[PDB]
Each structure stands twice: as C-alpha cells, then as structure tokens.
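Report on the structure
Okay, here's what each chain looks like letter by letter:
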Amino acid sequence: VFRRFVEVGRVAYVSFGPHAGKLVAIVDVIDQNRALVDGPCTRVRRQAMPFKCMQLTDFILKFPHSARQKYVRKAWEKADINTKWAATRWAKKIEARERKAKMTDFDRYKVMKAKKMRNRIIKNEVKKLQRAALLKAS
Amino acid sequence: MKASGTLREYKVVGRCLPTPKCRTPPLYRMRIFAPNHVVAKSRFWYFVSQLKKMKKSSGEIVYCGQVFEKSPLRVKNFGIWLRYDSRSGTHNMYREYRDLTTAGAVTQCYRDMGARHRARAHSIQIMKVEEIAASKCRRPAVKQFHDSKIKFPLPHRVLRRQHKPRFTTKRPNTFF
Amino acid sequence: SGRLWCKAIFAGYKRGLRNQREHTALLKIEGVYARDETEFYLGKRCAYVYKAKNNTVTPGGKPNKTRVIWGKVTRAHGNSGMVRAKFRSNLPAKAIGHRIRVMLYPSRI
Amino acid sequence: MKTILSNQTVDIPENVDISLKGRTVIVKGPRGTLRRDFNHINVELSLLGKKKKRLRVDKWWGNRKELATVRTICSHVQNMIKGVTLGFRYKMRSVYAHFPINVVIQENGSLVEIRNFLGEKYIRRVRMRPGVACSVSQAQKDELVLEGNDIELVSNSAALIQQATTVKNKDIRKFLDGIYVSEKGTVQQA
Amino acid sequence: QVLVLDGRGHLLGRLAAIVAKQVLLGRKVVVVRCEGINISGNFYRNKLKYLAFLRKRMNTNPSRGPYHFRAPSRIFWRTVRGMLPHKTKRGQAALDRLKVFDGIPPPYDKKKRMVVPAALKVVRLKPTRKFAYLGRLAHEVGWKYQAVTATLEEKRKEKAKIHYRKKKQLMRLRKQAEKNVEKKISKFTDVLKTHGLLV
RNA sequence: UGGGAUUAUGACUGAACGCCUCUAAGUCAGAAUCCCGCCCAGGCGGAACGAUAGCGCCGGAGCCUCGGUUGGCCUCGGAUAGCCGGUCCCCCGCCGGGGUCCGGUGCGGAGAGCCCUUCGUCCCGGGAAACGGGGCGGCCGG
RNA sequence: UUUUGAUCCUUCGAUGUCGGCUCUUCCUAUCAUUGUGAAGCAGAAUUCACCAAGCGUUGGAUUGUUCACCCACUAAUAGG
RNA sequence: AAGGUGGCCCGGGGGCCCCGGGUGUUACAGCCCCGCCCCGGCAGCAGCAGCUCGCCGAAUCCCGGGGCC
Ligand SMILES: [Mg+2]
Ligand SMILES: [Mg+2]
Ligand SMILES: [Mg+2]
Ligand SMILES: [Mg+2]
Ligand SMILES: [Mg+2]
Ligand SMILES: [Mg+2]
Ligand SMILES: [Mg+2]
Ligand SMILES: [Mg+2]
Ligand SMILES: [Mg+2]
Ligand SMILES: [Mg+2]
C-alpha cells in the first residue's frame, strides 16, 4: 500500500556514500535504477545517483523535470523545506544518536546518576499504583 | 582488449610518412573508444590496416587527444551500430541505449553484449555512434521513459548491511 | 575495581593451506570488524594467562599457581578485523579457542 | 523486459458489498459469502471510489510471467460475483445405449449412488463437494442438476462423477456410454 | 553466555556456517524450533535428494553403514558434521559445545532468543520462487512425532500470551506514572535529552 | 495382515495469445513401484520404582587434587505488495477477540537497546521516602 | 564393451589354466503380472509405446561341451 | 519544437474546488538553436559546495605513528 512515490521534485535523505546526511531532490529519471539528482542549498553538486542508496520522504517541491538549478534554488527557499525538516522527529532522533557518540565520560557519569534516581521514583509510584488497583478490586 | 573500468573517447589522426613519390599524403581521423592512448593507437592501426595500405612502422601518428562530453548534464539516448563475430558466422546489429555520455553508453553496450551473447570484447568493432532523438528511437524499453509524469515505487527492499548486527532480536521489515 | 582489558580469542596461527608458520599468531577481538577500527589497538601488550600444578612466584605477593606469557599486537591482518600478534615465546596449540587479555598501557593517544 | 506498469479495473454493481484484509477478499450479498486468498500472487488491490463502483489492481515492474496474474484475478472475482448473486446450474445428461443406468441420490444431494453401469456389480458411491446440491430435475428423464456458488467445487465434483463412470479396456469410440455435461448456466438469468 | 538461535524462516546452510565458526571460537550455541527451517527448491526434488542419500548404503552389513537420521535435529547436526573436522579432538569438543532440540522445552522457553537476518527467507529468495518445510519433508520420509510437538507448542503459545499481557499492563501503568510525576523529575529527563538519551 | 505423499496418465477453473488452452500462479482422482505401520534384534541413550550391610542425613577446623572463567537482561505470536500501540458508541467468548476512530512508521513503547554498579568511614544541612529496608508462620503458580 | 580382432604398460625366484554342480547379490535394453496411453482395436485373440526390475522365468532325450536342436506343462519358459 | 505550463473542449470527483482525456507554442511553468553587445561582464579554477570527468612534479615539500634489527 504505497504511500511515498518517486516523483520529480521529491526530496530524499542520503543514507551513505560521500554525501551522507544530506538532503536532495530527484530531478529526473534515466532508467529503472539510476536518476539525476541535485541539492543546491545543502552543498551537493548536480550528479547521477542510484535509487539503491537513497531513501525517499514525503515532501514534493514542485518544478519541471529538466529545470536548471536556478528555479530549484528559488523553489527550495520558497517552500522553506529545511525548517520543516528540523521540525520532523526524524532529525531529532538523529541528533540524539550523534550526541550519544559524542558522549563525554563526565556526562556519562552525571547521566548514570540521573537514571538511578528517576528510576527509583518510578518504582515507588508504580508499586503504589498496583496496590491501588488491588484496592479498587477489593 | 579488456574493457577495464570505463572508456574514454579519443580523437586519433595519423598518416603515412613522406616519400619521393608523394610528398604530402592525406591525414586520417578516427574516433577510438579506449582506456588510454596506448591501446588507442594500437586499435587505430588495426582499422587502418584493414582499410588502407598503412602500417604503424611505415607511418606515424600525428595526434591523440581526449574528447570531453560537451553536454554532460543533459540526458541522452545513444544509438550504436555494431559488428560482431559469433562462434559461427558474423552479424551486424543496431542497438539503442540510454545514458548520459558516449563512454557510459559504450560501456553499457559491452556489458549487455557480454550478457546476452557471451561476446568477448576483442571480437567487437564499433562503426557508428549517433545521439538519437526520442522521436527516432525505436526500442520500447527506451520509448516508455519519455513521459513527463513518470512514477514508480520501490516495492521489495532487500537489506544491505546484513552482517553488521548478524544477531538481532527483531525480524527486519522491508515496507516503508 | 573492574575489567581492565579487552577480550581476544586465539583463532589460529598464520598459515597457508598445507603449512603453518606458528611463530606468529592470529587474534579475533570482540566487537571489532574493520581495518579502520583496528588502528586503535596497535602497539598493545597482550597477555596469555594460564595455571599450573606447582606453586610459582608472584610479583608483589605470595607465590601463586598462575603464570603468564606476555606478547604484543604487531599489525592488522585482513580486512575484517582479525589481527596479527607476536608473542615472546611461541604459543601452545592447546590454547586454540581461548581468552587473552589485551591490556591498554602503551597508549597511542 | 521489465514492464514498468500494468493495471486493469473491474466496475462492480451496487448490490454487492466487498471488503478486504489486505489480499484476502471477502464478498457478501444475497446468496451468501465468499472468501478467497491470494497471498501467493503479490499485487496491489486498491478499493477506490464512492459507491464502491470499481476495483483497481496494480502491478509494478512485471515481466511476462508476472503480467499473466492480473486478468486471471479479474476473472476469478467476476465469477465470484456470479456465484454470490446468481449461482451456477451445471446440467448433465446420462447417455446410454442398451443398459439403463439406475441413479439415486443420498443425503439431500450430497452423495450419488450409480448402479447398473454396463451391468457391473460394483456400484459408484460418489461424494459431492461441500456447498453443493445435487438434484434430479423434473420434466426430464436423464438429467442431473448440480447447483452451487463455487464453480470450482461444482465442476470438480462433475468431473469426479464423469471419470468415475469410465470404460476400461474397451473401444471408447464405439462404447459411448456414461454421463456427459450438456448445458452450463445460471439459476436466475440476467 | 549461550547463543539461542530460532530456526524458523532460516536457510539450512546459510545458518550452519555461521554456527560452525562461532562454535569453533568457543561460543556456546543452542539451536531450537527446527521445523521452521525451510530450504530452497521445490519439495519433490528435495525428496529426490534425500531418498538418494538413503539408497546409498553399505551392502555387506548395513548395521555398520551410514546412519540416516530422520529427525530434523539430527539432520541439521549431520550437515554440521559435514562442515567440521569430526576426526579430531577439537572437533569433538566443538560438537560437545553444540546442543540441539526439536520444538522447545522448559529451560529455553524463558529466554529472549536471537535471529539471524542473513539467512532469512524473505531476503535471499525472490518472492516468485518455491520453498519447502523440513518438518513436512521428514514426516513423509518417516518422522513419527509430528502431532505431539504441535500440541505442546500450542500450550506454550497460550501460556506465553498471558505473560505478554501482564507485560503490556506494566507498560501502561508505567507511562501513566511518568505522566503524573513529571514535574519532580523534569530536570533529570532534561539531561537525558541533552545527551540524547530520552528522545 | 494396513496407511500416506506422489510418478506415468485422464481432468477443473484460467490468462499469456479480445477467442482457444490440464499450467503459466493455483486445484483434483490415481497404482505390484516409494516411505511407514503390523513383525526380529535393541546405542559408550534415557525411565519411574523397590531394597538399602558400620552407615544415610543434618550442622567446624586445617589439609590434598582438576582446571577454566573475571556483571546481568525472566519469553507474545506472526506479517513483509505491510505492520505496531490506542480506543471503541457496535458484535461474540471466560475478562479475551473483533470492526470504527486517533497516534507512530527508515522502526525511539529503539537489542545502534534495557537493567545493576563496589573506594571505606565520620559529623551536620537540604530534597525524595515514610504504606519502604531487613529479620519468623500461612496463601498462589510447574 | 557380454563377441571378436589391433596393442604390450603390469606380473615368468609361478595370480592354479575349459565346462558342470552349489550359492548370494546386482543391472534393465519389460517375456509375463499391476496401472495406463495408440492401433488398418466391434468382442475375443494380437501388435506399438510410457512409469516400473519389488516378486517369478521349469521338468527331460542326445553331445565333455558353453552354444545348438527337439518333447511336455506353463502366466511366462527375456537377455546379462 | 514538445516528453505541452498556464487558457480552451470532453469526461469523473466534490457543491466554487480536485482528478483523468483532447487540440495547442508561451500566457502567471520551461526547453532548443543563430546572430550582434571589449572571447558580453563578474568571482573561483581539475575547485572543502571534504568524490562531475584526467595526466604529472628539477613544474614539490612538510609533519606524525607503528613494527623489526
Ligand atoms: Mg593435513
Ligand atoms: Mg586464577
Ligand atoms: Mg493416494
Ligand atoms: Mg506425477
Ligand atoms: Mg491428490
Ligand atoms: Mg611391456
Ligand atoms: Mg608373484
Ligand atoms: Mg596361489
Ligand atoms: Mg527403462
Ligand atoms: Mg480386446
């Protein structure tokens, strides 16, 4: 039950390769397994790129199938995609992933202490709730 | 000739050297697809040898240059004419591929001829390469792509980085 | 007051099909599967432990039964996180499929 | 080659009320219900439109082998509609030369005893499939009538009785005996 | 310290290689639910392959001859022998590390058990291709205990449902608690979101 | 002395090839053949049970011998051309399931994960706890 | 490769050389039996072909004979 | 000129708006080619918009790390 379709104008997130972590629009189709791609505002050159590597989102900035890079830059700024991106939850769990790699040892210790406490509180409240449901039953 | 990596296109010209009979022989140009100027010069000599009274020793090569793609970001539909040797017999072809560059296309031809006919690279001679317009394109695999509102999904998505866990709990999904 | 060493397994010696050159040894370290990754461990002091019947000395303490063979991680091996290592005395083949304690303290930082 | 796309629509009438859990289809109407599993086939079954007027069935990136599975579905669904609304009356006449075939029905048209075939003492206790109603017609001497919704089960049970009454070791070109299908039709016409 | 591999929807050789290499590196593997195993290629030819292996017997005194194990467990074990040097001692101690069960007995029913995706049917075969269950194969070729393992699994399945329900029940109470108290555990969650621990 | 799955073969529905068509996906009947049962032996394979000779249990000291290890994760079931968690005003079952409807979905109700943490001791204050920690008899599950 | 021939690599300080008797297993290129297709197949009788080698394939006169020919029963008196 | 954007006509989906089909040449979307405006003019340049395509260093040098003796 397909929801996202490869349509000229659709935005894709680059999984791996040289241009990792970058957003980019599908300009055109060559064949079954190879497409013309360009992302002017994110510092990615006009180039070929196979569908294998990419994984498409639910945004479709509108432009003609052969439109030269000018009209794309204007349409991109016009829609203001980058901000809606940063609003998406996706990017947030990406930044979390990265902060977790960046995790310092001192922060790691402060975090362990925070966990320890937050979980003792939860344990207390949950046990009172279970006795409460028994009280409700009784 | 092994077609390693991806070909270039080279503009070779050459001639027979002067003689007392004829002081200024005519120049001859070709369009060699080849990885480098060394194998280019060799193949040039083979074709000239097939057509004209001319060897490498009796002559000299005047100029070998690389020739760039003058329109590399436009997409094109190339039309190739062939000449191949079967196990038994020889046969002419006309084949249409859909690529951006002459070199990328010629590569794709080599790989297709290899798949579909087990034709080894040495047997094959390239005789004409013409960029051809969508109107004049005959083959339906090409013809189907000329449509403004092309649309298709990615249905079954085989996983890559299979071994990076090698051992998980959750069975992997492939539907998004 | 905890584990101060990374785990490695003695997979086997350096060898062709019908000849093994046992002066060198192959390690398979836990949780490391690329040549990018193995650049950290370079230079590190490995240490094969074992225990024997009779009582031996122990530096800074009374005599224990435990003994050791010290070694050293020479260079990477292969493309999938295996690693060569050369120990001061040649290893016994009994140890195939056992634990060695790569320490940390020739740091390359 | 890999054909980018095929599809084919079936515009259904308003009487029927289909629904689907993915591939498994369910169809209800007057005569009854009909479920049918397609999990082996691998296609997109979109049920679009108000008044449920049409079914559409996509098939992305198919080769010659995979294109054949579209129209086969279209037809299986259409026959399913016939089976729910109208039904299926399979007529079949008992041909014989000399010895008359004494036929009799057991279990309200579920089972069929067939005696005196070529004067054989063996008797053929043929069992119909579930959801099938055998019946001897009136106003006809040699006439079975098999009624039901599912054409598959009906027709298989027909062939069961047909191949059951088969002449072994004999010239079949001459000995033209046995039951044979004559007229396939429906219970109520349209 | 025990790798517990589920067998369903796995491919016989794709798996067995991965096992053998771990075993040889000391890791204590335990395979389970082998009826789930499914091999590529249609049924009939897989049956031809097996009945050929049965025809191959020692003529003078069959009791000595090659032992044709019918049980799916012992079959998988056999093919592992094939990927091992079973004449040596180190190979025997390997096989001693291995431990196989058909179905799923009590000691292992209480364990979260791992799954190899790199030997999985959905991945490696094209959807159009045909496949065959090892349990069905064995049953037609002699296995005498098909129904029993089924009716024991069903009791396990129901007895599993109840635990899973009580776990969900705990998650509901837990989210509701976190919701009530949040005001006096806001700062801690704040640092967990600074270091990307809670988003 | 009795079964099963099937071969050769005859057949159903049904496209590819607007029709046709045993096949392409799918389905049916089918036999001295094939496998098993009935029958013969019973594994460096297990079983419940009985009897228990100076002895079996029950609760300190040194002192021989074999070595390896150097934190735990206590569980739905299954699908992948679709799933998970919610709710149901509506329909069944002994509270379980079902449909409508709301949230997630390159999985974050994440195994790229979750949990436990050990330097020790002394005073005092501040927050959380007070229905909790730890020390004896009964009640549930296999 | 069950005939026959062509060859000489192995063994001449020795591989016991023809036939019959007895006995096991094995191959299938199916003589008969089981199931089925086709016939210039009405039935009977008889021919050709597919799956199939699990179970059967005789008693005697003459000849050292293997081979050959003949009498008698048979469902059949197939071949290695 | 067209792999046809707005406009026009037919449908199909809603009661002015959305989706298919048909002519057609810029109109509130574009593409293609020739000529003339100091190779039209501006940085930058085999481009850290850390991989659109190469061959090289008398036209090239520096720093660091490991191993063995
Ligand atoms: Mg050897
Ligand atoms: Mg010790
Ligand atoms: Mg049967
Ligand atoms: Mg068959
Ligand atoms: Mg059947
Ligand atoms: Mg000789
Ligand atoms: Mg001798
Ligand atoms: Mg002798
Ligand atoms: Mg045969
Ligand atoms: Mg006859």
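Residues numbered from 1 in each chain as written, not as in the entry; some residues may be left out. Chains lettered and ligands numbered in written order. Part of a larger assembly, values for the part shown. Heavy atoms only, no water.

Remarks on the arrangement of the chains
Ranked by contact count, the leading pair among the seven pairs of chains in contact consists of chains A and B. Separated in space, chain B and chain C share no contact, their closest pair of C-alpha atoms being 9 Å apart. Separated without contact, chain C and chain D have their nearest C-alpha atoms at a distance of 37 Å. (Contact = heavy atoms within 4.5 Å.)

Structural notes on the protein's contact with RNA strand F
Not every one of the 85 residues close to RNA strand F is listed here, only the nearest: A:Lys100, A:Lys115, A:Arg131, D:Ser155 and E:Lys175. Counting only the atoms of RNA strand F that lie within 4 Å of the protein, the sugar and phosphate share comes to 57%. A distance of 2.3 Å separates a base oxygen of RNA strand F from a polar side-chain atom of A:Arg131. In the model, a sugar or linking oxygen of RNA strand F is placed 2.6 Å from a nitrogen or oxygen of the E:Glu140 side chain. At the level of elements, α3 (89-101) and α4 (105-137) of chain A, β3 (47-56) and β7 (99-102) of chain C, α1 (64-85) and α2 (151-164) of chain D together with α7 (134-140) and α8 (146-181) of chain E are the ones that each hand at least two residues to the surface near RNA strand F. By residue number, the principal contributor to the surface near RNA strand F is α8(E), which donates nine residues. Looking at the surface near RNA strand F, its residues break down into 20 nonpolar, 19 polar and 46 charged. (Near = heavy atom within 4 Å. Polar contact = N/O pair within 3.5 Å; in protein donor to acceptor, adjacent residues only side chain to side chain. Helix = DSSP H or I, 4+ residues; strand = E, 2+ residues; numbered from the N terminus. Nonpolar A, V, L, I, M, F, W, Y, C, P; charged D, E, K, R; others polar.)

A closer look at the side chain of B:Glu9
All names here are of chain B. For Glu9, the position within the fold is in strand β1 (residues 8-16). Polar contacts involving the side chain of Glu9 include one to the side chain of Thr102, which spans 3.2 Å. For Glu9, the residues in contact, after removing those within four places along its chain, are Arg31, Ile32, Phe33, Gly65, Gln66, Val67 and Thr102.

Examining the pairing of β1(B)
Residue and element names in this part refer to chain B. Two elements, β1 and strand β2 (residues 28-34), share seven bridges in a ladder whose sense is antiparallel. Paired with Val13 across the strands is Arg29, a residue of β2. Across seven bridges, β1 lies against strand β3 (residues 59-66) in antiparallel orientation. Bridge pairing in β3 places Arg15 opposite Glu60. (Pairing = 2+ DSSP bridges.)

Quick look at the protein's contact with RNA strand H
Looking at RNA strand H, there are 19 residues lining it, with A:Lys22, A:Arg43, A:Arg45, A:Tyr71 and D:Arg54 nearest. The sugar-phosphate backbone supplies 66% of the atoms of RNA strand H found within 4 Å of the protein. A distance of 2.9 Å is found between a base nitrogen of RNA strand H and a side-chain nitrogen or oxygen belonging to A:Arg45. At 3.2 Å from a sugar or linking oxygen of RNA strand H is found a side-chain nitrogen or oxygen belonging to C:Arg108. For the surface near RNA strand H, the elements supplying multiple residues, two or more each, are β4 (44-49) and α1 (69-79) of chain A. Classifying every residue of the surface near RNA strand H by side-chain character gives four nonpolar, five polar and ten charged.

Comments concerning the packing of aromatic side chains
Residue and element names in this part refer to chain A. Applying the stated criterion across every chain yields a total of 15 aromatic pairs over all chains. Measuring from centroid to centroid gives 5.9 Å for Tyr13 and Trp90, while their planes differ by 45 degrees, and the two rings are tilted. Placement of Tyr13 in strand β1 (residues 10-14) and of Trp90 in helix α3 is noted, with a sequence separation of 77 residues between them. The class for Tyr13 is buried, based on a relative accessible area of 16%. (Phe/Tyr/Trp six-rings, centres within 6.5 Å; stacked < 30°, edge-to-face > 60°. Buried < 20%, exposed > 50% of the residue type's maximum accessible area, 1.4 Å probe, protein only.)

Section: the interface of chain B and chain A
Taken residue by residue, the interface counts 18 residues in chain B and 18 residues in chain A. Counting the surface lost from both chain B and chain A, the interface buries some 1800 Å², and carbon and sulfur atoms represent 61% of this. Between chain B and chain A we count five residue pairs in polar contact in total. Looking at the side of chain B that touches chain A, its residues break down into eleven nonpolar, two polar and five charged. (Buried area = accessible area lost by both parts, 1.4 Å probe.)

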